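I have placed the structure first, in the form of structure tokens, so that the comments after it can refer back to it.
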Amino acid sequence: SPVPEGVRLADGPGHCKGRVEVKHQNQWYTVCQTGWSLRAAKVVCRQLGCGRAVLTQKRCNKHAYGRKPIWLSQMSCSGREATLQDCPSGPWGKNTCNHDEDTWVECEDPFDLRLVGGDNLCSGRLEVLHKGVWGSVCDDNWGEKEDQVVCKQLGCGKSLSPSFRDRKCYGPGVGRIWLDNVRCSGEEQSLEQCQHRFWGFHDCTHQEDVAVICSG
Amino acid sequence: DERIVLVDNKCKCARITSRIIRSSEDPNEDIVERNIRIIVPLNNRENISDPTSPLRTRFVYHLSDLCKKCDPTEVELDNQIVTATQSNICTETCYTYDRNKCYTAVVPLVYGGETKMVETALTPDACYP
Amino acid sequence: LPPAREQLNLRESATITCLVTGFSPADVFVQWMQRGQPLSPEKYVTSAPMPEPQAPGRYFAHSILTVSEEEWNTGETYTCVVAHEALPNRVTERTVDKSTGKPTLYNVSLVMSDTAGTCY
Amino acid sequence: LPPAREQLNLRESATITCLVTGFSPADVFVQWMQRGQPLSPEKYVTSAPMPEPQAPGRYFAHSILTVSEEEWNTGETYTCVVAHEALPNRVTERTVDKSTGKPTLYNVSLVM
Ligand SMILES: *[C@@H]1O[C@H](CO)[C@@H](O[C@@H]2O[C@H](CO)[C@@H](O)[C@H](O)[C@H]2NC(C)=O)[C@H](O)[C@H]1NC(C)=O
Ligand SMILES: *[C@@H]1O[C@H](CO)[C@@H](O)[C@H](O)[C@H]1NC(C)=O
Ligand SMILES: [Ca+2]
Ligand SMILES: [Ca+2]
């Protein structure tokens, strides 16, 4: 049986949304396996690295030009397993695609962060990308532990504890306060891996923002 | 370690903890305890952002509006991810000040005739500009 | 510091003092107000800064304001404003009245309803 | 089941549940009486027999009566008389009230 070389998610806005297109040896075709739970969508999203699977559904075919043939094996995958290579597949046989429907999948935008307002980077206001928008992080709880996690992710070195005397050189923000009550205990790898309140809910003002100055 | 914090309000300085004590040995005869700790200010006034407001000598503490959850949570349904409303009940008065917050005011300053309004710090230290 | 208890009994006038201490250098600017109305430069006095015998390098000064006995008995408010370079916002203010600052009694009322509500 | 406290807090009505299980065969009749006087059939809604998935051969149902908040607060009593052939006297009763519960205590401390 063919081994998937990759997934591309064509016919969708960007490459984190669209129709599931398994790369068959040489020419590739669309797949409509039954029991398409979110577990397989999570592995599909992890193939591209977009982020977390949010939704999967099969859409009615009304002159959608589904020229791509269909596969002949199932892909029962536990979701916590590795790439599509390491999940069992049926021994060829017939297809489970009775109703002619395309499989849809909706991944999420990847995370990103930066410092704005500081010279030669490694300093300034904190902006985090989510839902395709940048925003500020509240300073209600900003311990020294929460400062070093941001610094190493951008490779700016250990923070030098600049206090608030030089934190007035960046000013306030205008964007939405995405994060609040951030509590980072361990190093982890990303700020999103910490415990926060929620995306979009806060009790802060643009005057109270977070400024992080690393070594550089 | 044996107590779990439910609410940690700062405006009303209210804190509620619950704990189960293994009294006797029958599992059906263990008491459930609810502790409430309230600190009331005797010098703060009606409006904490206006020094001219009169003094406050009446405090009301509703426990139904204190132990309330108002933040959508994520729920997995094996086919999608949705946001769920915790409560349907969701202008509250702040009795005391908050350390994590800054309180400022506008005051007229006269000198040689000209009047320059300047931002003040009602709180002793709080945060810095 | 509020006016003395045995000064109000004569029913002549009341004196309020604003003590500012622990600062360097020795240039301060103290202005009195009454419920948002700047007061006249004549009703209050101020003294030049003097060294503190206990801790060298920190100074102090005070401003004295007089008021009518009936005006203070009514319950009007007064504010003390000081300008110095050391402050974060460079200006601070404090407020006193009859009900706050060495009072006679304390009247409190407390209500605790919905004590058996849903917590979850 | 005593009525929900939050439902009473919002002050519209109250919900009284009569949960009866563990009878065989499927033959049950529940009624609602107040102060020894049976209530009208238009006061409660009666469910239907349906098997219990856990233990085969057992059926169960329930009945709910809505009461006014003031009527519930005034201290009126309610009961759920049940009839079953397997019962000794063919009549069994369970009764609850506002006072139905366990006595509580109040260790109030005032630090002047
Ligand atoms: C308590 O004081 C605040 C501050 O004076 C009042 O809100 C202010 O109202 C003025 C106009 O009257 C605005 O210029 C300010 O922007 C307001 N403050 C804020 C933080 O927005 C408030 O209304 C007072 N409360 C009561 C009950 O009088
Ligand atoms: C009353 O308070 C004491 C501590 O002051 C505590 O030991 C005791 O358990 C309290 N009473 C009840 C009924 O909880
Ligand atoms: Ca803050
Ligand atoms: Ca917060």
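Could you state the angle between the C-alpha long axis of helix A:38-48 and the longest principal axis of the C-alpha atoms of chain A, as a value from 0 to 90 degrees rounded to the nearest 10? Relative to chain A, helix A:38-48 is tipped by roughly 70 degrees. Over the Cα atoms of the protein assembly as shown, the radius of gyration divided by the Kirkwood radius equals 1.09; this is the Rg/Rh ratio.
Highest average first, the peptides D:60-68, B:20-28 ordered by how many other beta carbon atoms sit within 10 Å of their residues are D:60-68, B:20-28. For a 4.7 Å threshold on C-beta separation, the list of partnerless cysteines in the protein assembly as shown reads A:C60, A:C169, B:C13. Ordering of A:156-163, D:36-43 by packing is A:156-163, D:36-43, highest average first (other Cβ atoms within 10 Å, averaged per residue). Using just its DSSP H runs of length 4 or more, each adding -39500 (n - 2.57), the protein assembly as shown gives a mean residue ellipticity at 222 nm of -2000 deg cm²/dmol after division by all residues. As a calculated quantity, the FRET efficiency between B:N47 and A:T96 at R0 = 56 Å, using C-beta atoms, amounts to about 0.25. Of the trypsin sites (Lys or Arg not before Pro) in the stretch A:9-73, the ones in a loop by DSSP (not H, G, I, E or B) with at most 16 other beta carbons within 10 Å are A:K23, A:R52, A:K62, A:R67. With K and R counted +1 and D and E -1, the other residues having a Cβ less than 11 Å from that of A:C214 yield a net charge of +1.
At full extension, D:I64 and D:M112 could sit 12.3 nm farther apart than now, given 0.36 nm per residue minus the alpha carbon distance. The local environment of A:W199, defined by Cβ-Cβ distances under 11 Å, has a net charge of -1 under the rule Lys, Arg +1 and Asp, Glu -1. Rounded to the nearest 0.05, the FRET efficiency derived from the C-beta distance between D:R90 and D:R35 at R0 = 25 Å is 0.65. A simple charge model with +1 on the Cβ of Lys and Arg, -1 on the Cβ of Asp and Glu and nothing else charged puts the dipole of the protein assembly as shown at about 860 debye relative to its Cα centre.
With a 10 Å cut-off around each Cβ of C:25-38, the average count of Cβ atoms from other chains is 2. Under 5 Å between amide hydrogens, built in the peptide plane, is the criterion, and for A:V210 it picks out A:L126, A:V137 among residues at least 5 positions away or on other chains.
Counting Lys +1, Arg +1, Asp -1, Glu -1, what net charge surrounds A:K62 among other residues with beta carbon under 14 Å of its beta carbon?
-1
Going by Cα centres, the stretch D:24-51 and the stretch A:100-121 are how many Å apart? Between the Cα centre of the stretch D:24-51 and that of the stretch A:100-121, the gap is 59 Å.
Taken together, the values in this text are just the output of simple stated rules run on the coordinates, not laboratory data. Please note: Cβ atoms are built from the backbone with ideal geometry, for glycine as well, and neighbour counts cover all protein chains shown.
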